[PDB]
Structures are given as C-alpha cells and as structure tokens.
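Residue numbers (the authors' numbering), protein chains in the order written: chain p, 1 to 114; chain 1, 1 to 59; chain k, 3 to 150; chain c, 2 to 211.
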Amino acid sequence: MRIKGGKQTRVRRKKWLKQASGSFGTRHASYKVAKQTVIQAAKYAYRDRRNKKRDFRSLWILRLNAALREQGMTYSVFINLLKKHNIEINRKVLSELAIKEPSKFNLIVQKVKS
Amino acid sequence: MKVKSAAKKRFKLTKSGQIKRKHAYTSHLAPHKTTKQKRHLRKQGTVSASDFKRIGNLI
Amino acid sequence: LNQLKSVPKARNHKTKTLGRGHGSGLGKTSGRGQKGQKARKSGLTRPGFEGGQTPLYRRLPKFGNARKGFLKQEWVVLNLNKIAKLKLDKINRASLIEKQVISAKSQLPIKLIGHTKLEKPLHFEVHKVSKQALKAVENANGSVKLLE
Amino acid sequence: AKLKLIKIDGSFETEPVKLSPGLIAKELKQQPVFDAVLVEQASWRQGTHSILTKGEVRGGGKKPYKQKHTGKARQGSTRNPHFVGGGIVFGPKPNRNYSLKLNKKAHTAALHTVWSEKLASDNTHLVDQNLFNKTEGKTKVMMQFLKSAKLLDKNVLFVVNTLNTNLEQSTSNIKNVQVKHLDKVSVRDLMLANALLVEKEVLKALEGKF
RNA sequence: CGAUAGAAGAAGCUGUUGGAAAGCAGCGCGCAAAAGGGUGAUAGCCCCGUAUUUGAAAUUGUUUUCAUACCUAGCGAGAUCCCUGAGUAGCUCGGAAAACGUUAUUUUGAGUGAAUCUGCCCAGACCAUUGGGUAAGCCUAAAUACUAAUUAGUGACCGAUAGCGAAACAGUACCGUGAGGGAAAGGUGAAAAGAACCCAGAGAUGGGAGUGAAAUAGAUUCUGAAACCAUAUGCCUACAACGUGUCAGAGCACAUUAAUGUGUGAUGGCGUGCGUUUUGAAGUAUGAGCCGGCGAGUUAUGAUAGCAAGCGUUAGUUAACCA
RNA sequence: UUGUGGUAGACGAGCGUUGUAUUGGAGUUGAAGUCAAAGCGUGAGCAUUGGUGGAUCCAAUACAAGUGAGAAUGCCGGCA
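Set out below in structure tokens:
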C-alpha cells in the first residue's frame with residue numbers, strides 16, 4: 001500500500017510560495033527562504049500595526065502644536081483649555097485635519113477664549 | 001507477558017488489591033533491635049499508594 | 003443506517019502523534035523531554051531497574067510454601083446466600099452439572115460454606131461443611147449427608 | 002406484521018398472511034449493526050501487501066564512510082530505509098490479521114433486528130417455490146419478471162433453501178440480482194441490496210432462529 | 001475419474017458531435033454466457049473468449065472390483081518341566097539431557113558389575129506395602145513442516161525514485177588481481193500513416209510542403225513542474241551606510257475573480273535570519289547552496305487505564321476443530 | 001463573569017490525500033495533471049477562470065494508512 005504525497009507537497013509549497021513576491025532578486029525563488037521572509041514580514045507588519053497608532057497621535061501633536069505655538073500657546077495650554085471648561089471630543093487627528101479645513105482653526109481659537 | 005518469578009515469591013494478593021508484602025531486617029542480631037520492633041516487624045503490610053504505581057506495572 | 007450515512011456514536015477516540023508536525027505540536031520526542039536516556043529510541047527502565055538502586059525483590063525476604071511440589075485439591079464452595087438464588091432442590095452431583103455450577107466433564111469435592119440463614123428445607127450431598135454453615139442448614143430443616 | 006405474497010403475474014396475491022409480533026424488533030440498536038456490517042467487511046484481506054525491513058533487504062557489508070574525515074553523514078550501514086535500496090522501516094506485512102472478535106449475542110440481536118426491518122421495509126415481496134417451476138434458465142424471462150416487479154432500482158437478493166435450479170441458472174448474466182442461502186446472508190448484504198424476495202417456507206425457521 | 005492435442009458456443013440499426021463513437025440519445029433483441037481482453041475515446045449484441053455442451057490415438061497419474069502370491073487364527077486340559085532380548089540393569093569418578101545451573105529418571109569417557117520373571121523397573125532421595133508393566137531386537141502409511149516448479153485464478157499488492165539488483169538482452173555494464181561488491185533507463189502515433197516535394201547549407205540542421213484530426217504527436221516523438229538560462233512591455237536605480245523588508249507614499253502605465261484595483265516606487269518612520277542544543281545566540285557555537293521526489297512512532301501477542309456496547313447475577317465467552 | 005504570554009507537557013475538537021464499499025454526476029461538446037490571474041476561508045483547505053492537456057475523475061459516508069516534509073555534516077537526481 002504505497003502512498004505517494006508528491007502532488008500534495010508540490011501544491012502545498014506552491015500555495016506557500018504564492019504569498020511571496022516582489023522580493024530582491026532570487027529571494028522570491030527558494031521555498032525555504034521565502035517561508036522565512038513571509039513569516040518575518042508578517043511579524044513586522046503586526047508590529048507596525050501595533051505601533052502606528054502609537055506614533056500617529058504624537059505626529060498629530062507635532063502638527064497641531066506647530067500651529068498652536070505659531071499663535072503663542074503650547075499644546076499643553078490647548079489640552080488644559082479643553083480639560084477644564086467646554087470639554088470636547090474632537091480628536092487630535094480631526095483637530096489636526098481642521099488645518100486642512102480653511103477658515104476653521106480661527107473658529108476654534110476664538111471659541112476657546114475664556 | 002509473564003509474571004516475574006523473583007517478585008511473585010515475596011508478595012501475596014488479597015481481596016480488592018492490597019498486595020501483602022514482607023518485613024526485612026530479621027537476619028542477624030536481636031540486641032540491635034527493641035522489643036516493640038521485634039514484635040511489630042512480624043506483622044506484614046501493604047505497599048503504599050506511591051509504591052502502588054511501582055507495583056502494578058511490575059506485574 | 004446506510005453506507006452513505008454510517009456514523010459512530012462515541013468511537014474514534016483521540017490519538018497521539020509522535021513524529022509528525024510541529025504547528026499542531028507533538029513532532030519531537032512527544033512526552034520524553036530532551037536529553038534523556040528515556041528520550042532515546044527504545045529508552046526505558048527495566049521493571050527491576052531503579053536507576054542504580056537495588057531492586058525491591060532483593061531487599062525483602064521471600065515467602066516459604068509448605069505446599070511445594072504439592073497441588074492443593076480445589077473445592078467448589080456452596081455459600082447459602084449465593085445458592086439462595088439457585089432454584090435447585092434435592093441437590094446432587096447429577097443436578098449440579100445440569101445447571102453448570104460445575105463443569106459436566108469434571109468432578110470436584112464439594113464444600114458447604116456460609117452462615118446466611120435460608121427458609122427452605124432441601125437435601126444436601128456435600129463432602130465438606132463449615133460448623134456455622136452446618137448449623138445454618140440443619141436449623142433450616144434441610145437434610146445434609148456428608149459424602150466421601 | 003403482515004405482507005402479501007407476490008405472483009409471477011407481477012401483482013400481489015389477494016391472500017395476506019399474518020406474522021407474529023415476536024419477530025418485529027422493539028429495541029433498535031444500529032451501532033451493533035454497524036459493527037456487524039464492519040466485521041462482514043472485515044476479514045476480507047488477502048495478505049498481498051508486504052515490505053522489507055532493515056535486515057530483510059540484501060546487500061553487501063560495505064561502510065559508505067569511515068569514522069572521520071567525511072563531510073557528510075556517517076552512513077555506517079550499506080542499506081537504510083532512506084537509501085535508494087528501498088524498504089519501509091515499518092510498512093505493511095503479510096501477518097497483520099486485523100480481525101476483530103465479535104460476540105454472537107449482540108450480533109444475533111442486531112441480525113434479528115435488521116431482518117425485522119428488512120421484512121417490514123416494504124422492499125420485500127413474498128414469493129414461493131411454485132412460480133419458478135416451468136421456468137428455464139433463460140435470463141429473458143427473469144428480466145421480464147423483474148421489469149414487471151420493477152425491482153431493478155436496487156440489488157435483488159434471492160434467499161434460497163430448496164435450491165431451485167432455474168434461480169442459479171440466472172442472476173449471473175445480470176448485475177443487480179444474486180442468490181445466497183438463508184444463513185449465508187448478512188446485515189451488510191441486506192442493507193446493500195435493499196431489495197429481495199423471500200420464499201414462504203423459511204419464515205418459521207427464521208423466526209425460530211430469531 | 002483424469003492430465004499431457006482440441007471443438008462448438010446467443011443477441012443492432014438509426015442519428016449525433018467527433019479524424020475515428022463502441023461513448024451519447026431513440027427505437028429493438030438477447031441468454032446456463034452483459035467474467036475478461038482486443039477492436040480508432042470504456043461495445044452485452046464487431047471479434048476472440050466466457051458460462052455451458054464437448055473431446056485424448058500414444059504417454060502418464062488416481063480410485064474401485066475381480067483371479068491370486070505373502071502374512072496372520074480359537075477353545076480346553078497336565079506341570080515347583082525349559083525360556084522370554086548381560087559388559088544389560090546397575091554402584092562410583094566427571095558429565096549432559098531433562099523447566100531443572102546435575103536432583104528423582106535417562107545416556108556414558110574411566111573403573112566395577114547383578115537377577116532370570118519366584119525377578120526387575122518405575123510411582124522426582126530412599127525404605128516397606130501396594131499399583132502397574134517385564135526393558136536390555138526391529139518396522140510402521142494417517143494427521144506433520146516445506147514449496148524449486150507446473151496448471152488455473154485472485155490480490156481494501158507495488159505501478160519505472162517503488163516493486164526481485166534487474167519491465168529495459170541484469171548479476172549485464174563496471175571495480176578491486178581476487179575471494180567479493182555491484183549500474184541507470186518504459187510509454188510517437190490510430191495506422192510510420194517516419195516528415196514525400198522545394199530552399200539555404202558539403203552534410204548534419206533548419207525552414208516552408210505533405211501524410212496525418214492534430215507534427216502543443218517529428219523519432220530529445222503521452223504531458224513537460226521545480227531549480228537554472230536568457231528576453232523584452234512598463235517603472236525605478238550611478239551622494240550611496242538597509243538580514244534588503246514593513247507601515248506609508250509622489251509620480252508613472254494600466255484596467256481585475258470591478259473591487260477604497262493592479263504593477264512600481266523619489267522619499268519618511270520602523271526594523272541585527274530558520275531549525276539546533278544550552279541558563280541562553282543576529283552570533284566570531286553547529287548544520288543548511290538551492291531545487292524535485294523520497295525520508296524516520298507500525299505490527300503480532302498479552303496486560304492495564306478511559307469511553308461505548310452486549311449480556312448481566314453462574315452469566316459472558318469459547319481455545320482448538322469442523323461446515 | 002473570567003477571559004483568549006507560553007516551552008516542556010496535558011487535554012479537546014477538526015481538515016487534506018489514496019484505496020475498498022455502497023447511493024450520484026461529469027467527461028473528444030475535454031477528465032486529471034501542469035503552469036498563470038487582480039477569490040473564499042480562524043487554518044488544516046476550498047475554489048473560479050484562461051489556455052497546455054488528451055482520457056480520467058470529483059462530490060457525500062465509514063473502514064485501513066509505504067498518510068500529511070524545514071533542515072537529520074539527511075538518499076538520489078538537476079542546477080548554478
């Protein structure tokens with residue numbers, strides 16, 4: 001009862017190598033190497049998915065504090081102004097996108113006056 | 001399988017398990033032993049639960 | 003059922019893999035650990051082997067059997083509590099072999115046993131009898147004749 | 002239960018027969034039936050597959066490599082299961098019986114049960130020994146009778162106890178139909194056929210056999 | 001009764017796409033046969049064959065009967081008449097077989113050596129009684145292992161890396177002097193129906209051309225995967241410190257299992273392989289060039305534990321053996 | 001409500017392939033195999049389509065594996 005699994009192994013390696021593409025040179029030509037490349041790429045993609053949300057808030061803090069200190073006030077001042085009175089849910093990204101919205105940031109700065 | 005000839009010569013089997021063993025140290029000198037030890041070692045006992053895992057697999 | 007719908011109920015219990023696959027685990031020694039004598043192929047301990055410790059049999063004295071070279075004669079024992087389930091009356095070896103309490107192509111000495119009182123008088127033809135069993139069967143109005 | 006005899010005219014007989022309630026099953030156990038049909042399927046091997054072990058293969062006693070100075074595997078044996086010499090280390094052997102012991106108590110209980118269902122499956126049509134008389138071994142008349150009985154949908158089994166010759170002179174040129182003795186039948190055979198004809202005389206004997 | 005030669009043996013047309021129809025569909029028949037094989041793609045009815053009906057001059061095998069060789073033959077009675085298997089049984093020195101590592105019993109290399117069925121042997125030292133049989137001569141079909149093969153058939157057998165080393169002209173080629181060890185590899189096609197004829201070229205070879213349904217069937221002749229070699233559509237790369245990629249993303253060219261699409265990325269952030277064994281390796285610890293197949297927890301028996309079932313308080317269950 | 005770090009290791013539930021067996025179907029009006037493309041899946045996998053391809057398969061269920069390849073200074077073969 002000889003049982004051959006050549007076709008099964010070939011199909012498995014084919015579907016494994018189908019994921020790997022666009023590598024450097026011959027790297028997307030070896031099954032064993034491409035396996036490690038795919039696994040490492042997946043792990044690093046998970047890491048980037050975990051940390052991009054971590055760094056985007058800091059990016060928006062930079063991009064908004066630029067405008068704030070251009071008006072003569074730190075990002076800390078804006079956070080305090082939001083904190084004590086008239087607490088808003090407007091996100092740091094959306095408040096950063098208000099820069100992309102013309103004639104809007106002035107409305108916020110005049111509104112937060114107290 | 002076969003039953004260990006050397007082992008079976010020293011352990012009896014009672015109802016519902018409780019393999020009966022023997023007591024050693026009856027060889028040489030009574031004066032090295034006390035009266036209670038001499039009168040109690042004559043009684044025979046049964047291997048412990050921890051020992052039972054090493055007795056059940058033996059036979 | 004049918005050969006297209008043949009299904010079990012609780013059969014096909016879980017198995018163990020010892021040399022196939024690691025994503026599902028159990029592709030290594032699979033329960034033997036790493037770097038051990040038992041972990042090697044056919045690595046185990048002999049029943050008398052205890053890692054260097056003296057085997058248990060050679061640490062304790064041995065039994066002595068006066069019935070050495072002698073085979074004890076077996077005795078079919080008739081306990082009153084158990085034979086109460088038996089409906090046989092006027093007991094003799096001829097009737098017992100018909101009820102397969104003893105093999106038909108065999109004859110063995112019969113012993114009476116058990117103080118469990120019964121409530122019917124019968125005829126007993128046995129070879130041995132216990133004193134308390136004898137009292138129990140004589141007080142039950144049954145007749146007992148000892149055979150030899 | 003009750004069943005009506007069928008005739009050579011392709012129709013049931015106008016006289017039904019009473020069947021004792023002691024034959025119809027009242028405790029349906031199909032897992033024992035599954036085991037019985039397995040044991041019918043089991044013990045069907047022929048010991049045709051085999052393999053050679055490490056010592057069963059031939060070859061010289063040469064050592065491919067010495068104790069040292071080799072940049073590859075030590076390879077101290079001339080033949081190995083992974084070498085080109087072949088031979089699976091375990092493989093099949095012509096000694097694996099693969100036979101399962103079954104007790105006749107549960108087997109007979111399940112057999113009586115399945116016979117009860119098959120006699121009450123509506124697929125059975127009672128026949129007799131008389132109609133096969135004046136008939137010959139020609140499969141033409143047999144095929145015509147089956148077409149009238151429209152039993153070609155499933156394999157038709159012919160339980161035989163008196164060995165009418167015309168029955169075995171037929172059912173060989175056709176695929177679905179076959180003949181076997183009352184004892185020779187099996188639960189697997191009964192369920193696989195799903196169509197059958199019963200002589201009127203083996204009823205009492207089958208019920209006594211239970 | 002067979003075998004070693006052999007014979008007979010039933011049942012279709014139309015259309016269909018297809019080179020080719022037997023497949024497919026309709027209308028028919030068929031029988032001891034619709035087992036199987038071949039016949040242009042898997043034919044119950046094209047052919048062989050099969051079931052079935054039969055046949056052996058000569059040779060050879062098996063069984064029975066008959067005439068017959070050879071063999072064996074009962075019952076009594078008298079008699080302290082004679083005999084019944086000697087270097088024999090045995091005892092001792094070393095042994096061995098016996099489950100037995102020398103113990104009843106049996107055998108002897110060495111020594112010794114009875115009685116005559118009134119006797120002996122044995123009844124695991126031995127002794128008495130008792131029981132049984134009288135060694136010291138021989139033969140023995142029957143159930144028994146086994147296939148080297150023949151005949152017919154089968155394979156919940158392997159399909160050219162497997163299966164005998166050997167599908168192929170295989171223990172051949174080949175090696176060591178030599179004992180000895182010990183190779184690889186099958187598939188055109190349907191019929192060669194083998195590429196006619198022409199052109200370049202010395203030819204090989206190639207291109208048209210033809211046979212052929214098809215030359216993605218051209219002898220490297222079922223297909224032609226992976227590793228590897230090029231080739232160009234489009235994009236990018238010659239200030240460039242990255243286990244080489246991720247998250248994004250300008251622009252460019254497109255347009256799919258139509259979907260926030262694909263390819264690709266000037267540039268920003270981030271990021272020191274896989275198994276391995278160790279307390280542990282990006283490791284200057286080891287292995288791995290890569291690719292393709294192959295490649296390593298089975299089985300026979302028995303026990304235990306778990307779950308389910310059958311039976312179930314003397315039931316269950318048969319080992320073996322037989323149909 | 002606890003939740004979904006984890007080696008050894010324990011435990012549970014499944015998938016893929018071959019064959020056997022029954023119920024089915026497709027197939028020179030193209031099967032498998034192969035390559036490719038811009039799918040579905042928690043994954044074992046399942047597809048769909050294009051063409052090579054030229055005659056085999058797939059679907060549902062139990063039974064049994066020479067059953068599931070990432071290395072073994074792994075075996076052979078091919079290739080730099």
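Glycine included, every Cβ here is placed at the ideal spot set by N, Cα and C.
Start and end residues, beta strand (DSSP E) containing residue i
i, result
"residue 22 (chain c)", "Element bounds for residue 22 (chain c): n/a, residue is neither H nor E."
"residue 3 (chain c)", "3-7"
"residue 108 (chain c)", "Taken as a continuous stretch (DSSP letters only), residue 108 (chain c) belongs to no beta strand (DSSP E), being part of the alpha helix (DSSP H) at 105-120."
"residue 96 (chain k)", "Note, residue 96 (chain k): premise wrong, no beta strand (DSSP E); alpha helix (DSSP H) at 95-100."
"residue 14 (chain 1)", "12-14"
"residue 113 (chain k)", "112-115"
"residue 179 (chain c)", "179-182"
Bridge partners - residue i, DSSP secondary structure assignment
i, result
"residue 73 (chain k)", "According to DSSP, residue 73 (chain k) bridges with nothing at all."
"residue 33 (chain p)", "Bridge partners of residue 33 (chain p): none, in fact."
"residue 125 (chain k)", "145 (chain k)"
"residue 46 (chain 1)", "20 (chain 1)"
"residue 126 (chain c)", "198 (chain c)"
"residue 17 (chain c)", "5 (chain c)"
"residue 159 (chain c)", "180 (chain c), 198 (chain c)"
Distance CB(residue i)-CB(residue j) smaller than 8 Å
i, j, result
"residue 44 (chain c)", "residue 100 (chain c)", "yes"
"residue 112 (chain c)", "residue 37 (chain c)", "yes"
"residue 180 (chain c)", "residue 115 (chain c)", "no"
"residue 116 (chain k)", "residue 138 (chain k)", "yes"
"residue 17 (chain c)", "residue 30 (chain c)", "no"
"residue 200 (chain c)", "residue 162 (chain c)", "yes"
"residue 127 (chain k)", "residue 101 (chain k)", "no"
"residue 62 (chain k)", "residue 42 (chain 1)", "no"
"residue 21 (chain c)", "residue 202 (chain c)", "no"
"residue 52 (chain c)", "residue 121 (chain c)", "no"
"residue 11 (chain k)", "residue 32 (chain c)", "yes"
"residue 90 (chain c)", "residue 55 (chain c)", "yes"
"residue 21 (chain 1)", "residue 47 (chain 1)", "yes"
"residue 84 (chain p)", "residue 60 (chain p)", "no"
"residue 21 (chain p)", "residue 37 (chain p)", "no"
"residue 152 (chain c)", "residue 196 (chain c)", "yes"
"residue 82 (chain p)", "residue 75 (chain p)", "no"
Below-8 Å beta-carbon distance, residue i vs any chain 1 residue
i, result
"residue 153 (chain k)", "Past the boundaries of the shown model lies residue 153 (chain k); chain k is included only from 3 to 150, so the question cannot be answered."
"residue 72 (chain k)", "no"
"residue 65 (chain k)", "yes"
Best match in the options for proximity to residue i [C-alpha to C-alpha]
i, options, result
"residue 166 (chain c)", "114 (chain c), 184 (chain c), 133 (chain c), 179 (chain c)", "133 (chain c)"
"residue 134 (chain k)", "47 (chain k), 86 (chain k), 114 (chain k), 5 (chain k)", "114 (chain k)"
"residue 98 (chain c)", "46 (chain c), 211 (chain c), 82 (chain c)", "46 (chain c)"
"residue 144 (chain c)", "81 (chain c), 172 (chain c), 125 (chain c), 86 (chain c)", "172 (chain c)"
Cutoff 8 Å: residue i Cβ touching any chain k Cβ
i, result
"residue 6 (chain 1)", "yes"
"residue 193 (chain c)", "yes"
"residue 68 (chain c)", "no"
"residue 35 (chain c)", "yes"
"residue 22 (chain 1)", "yes"
"residue 32 (chain c)", "yes"
"residue 58 (chain 1)", "yes"
"residue 26 (chain 1)", "yes"
"residue 9 (chain 1)", "yes"
Range covered by the alpha helix (DSSP H) that runs through residue i
i, result
"residue 17 (chain p)", "6-19"
"residue 80 (chain p)", "75-84"
"residue 81 (chain k)", "Run containing residue 81 (chain k): none in the alpha helix (DSSP H); it sits in the beta strand (DSSP E), 78-81."
Below-8 Å beta-carbon distance, residue i vs any chain c residue
i, result
"residue 39 (chain k)", "no"
"residue 4 (chain k)", "yes"
"residue 133 (chain k)", "no"
"residue 2 (chain k)", "The first residue shown for chain k is 3 and the last is 150, placing residue 2 (chain k) beyond what the model contains."
"residue 11 (chain k)", "yes"
Residue i beta carbon near the ligand FAD (any heavy atom closer than 7 Å)
i, result
"residue 90 (chain k)", "Within the structure as shown, the ligand FAD is missing, as the structure has no ligands at all."
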